[PDB]
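Single chain ahead, written as structure tokens, the form deposited in one PDB entry.
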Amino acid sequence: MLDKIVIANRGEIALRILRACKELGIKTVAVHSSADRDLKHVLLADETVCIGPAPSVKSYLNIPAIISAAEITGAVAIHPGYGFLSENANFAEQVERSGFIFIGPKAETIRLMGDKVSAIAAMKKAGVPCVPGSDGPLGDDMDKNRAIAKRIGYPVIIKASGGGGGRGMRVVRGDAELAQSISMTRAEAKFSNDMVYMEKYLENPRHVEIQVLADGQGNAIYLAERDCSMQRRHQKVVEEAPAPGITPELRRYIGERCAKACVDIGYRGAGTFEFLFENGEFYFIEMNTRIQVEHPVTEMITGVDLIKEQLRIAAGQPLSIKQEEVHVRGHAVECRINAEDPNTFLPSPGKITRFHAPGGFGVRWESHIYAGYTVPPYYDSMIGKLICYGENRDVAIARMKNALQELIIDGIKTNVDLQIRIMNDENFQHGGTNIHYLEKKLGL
């Protein structure tokens, strides 16, 4: 058991991690910005350290301040949660070099999977199915680039190797646009890294992703999949597990290839392989080398506490859970709750004047918010996650509708009414909508 850890994050995930720590008897240190003194998890933590002012560069991305916090409190480990420094290989390195356990993968693994070109090469070698592509960086010889395009078959997509957040990529539908599309992506994505690659452009994929756990001692398991196709500006809005239409046989096929890839790259901890799924086929696009926001839907359908497993792995324990003990049962849906004007979709901070959480069988509310809590203007819009589990998908969705109606968040604007609309959407109710659906539905 880890004696004491620094929770190097904020909001709902910081509270998520604190709960897992409390369950396991692990002492907690909440590092926070000066704008986050009233966070629920900070108020519940055993120790707290204000690591700097509101701007993340001097708080949640402040590597020296976070490491000093660990030093002053005599912590043994640091959990980076998601976002912020979780996939910063320099942070991981410095954490370990400074004498602390980094609750995540090795820095080399973060680098390997953090660069898209190197990540694709490793997956291709490991036998994970990848999107047909250039399999390496593009030069500026445009006879050669037109040849790669022909081999792949248009339409293709130009992607920045250091790209992220839906930025640094251009869809190319023919030769005439190829030259300019490569040159501009090479500029627009100069993220500082000019390196671009070419992928086949999949025109109606679903987002299907595979959860893994690996102990970094040779054992790896997969915990089924999630469908996260309901997106806006490439940002996920609803997630569910398992993915509609995925058979046990298909699940086992892609699951086993991901688990094997973990062994090949010496992966350690929780991670997620993200695929575009189209015409019954999986195509690798990215590995998130950290816990994911939507991890709860997988927890609901497998019974596995993913955060507690992260902590056990970090403590140096081998996986106790064998693959044959992992069973998909029932179905779960997650609705992200955002402090945003639904129409303009940009953050809406302010004091919550009335709050009521939903309850009931299968209802799980993941949020730091409370009545009188002020949502600050500085950080991400997501203030909570509503997760509903049922014996089947219909029951999960029915419970989500019921839970969303009970959820009261007054004083700020939220996307609750939108989540109600998505739950009531006939195509969502059928299932299997693609990554373009929500924007088409809304008019975006």
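For every residue, the number given is its place in the sequence shown, counted from 1.
Below, we refer to the form deposited in another entry, which is not included among the displayed structures.
> Are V196 and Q231 in one rigid part when the chain is described as two parts moving between this form and the one not shown?
No; in the rigid-body motion between this form and the one not shown, residue assignment puts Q231 in the other part from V196.
> Look at the CA atoms of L138 and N288: state whether they lie closer or farther apart in that other deposited form than in this form, given a difference of 3 Å or more.
Result: farther.
> Quick one: with a 3 Å or larger change, is the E278 to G153 CA distance smaller or larger in that other deposited form? Answer closer or farther.
Compared with the shown chain, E278-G153 is closer in that other deposited form.
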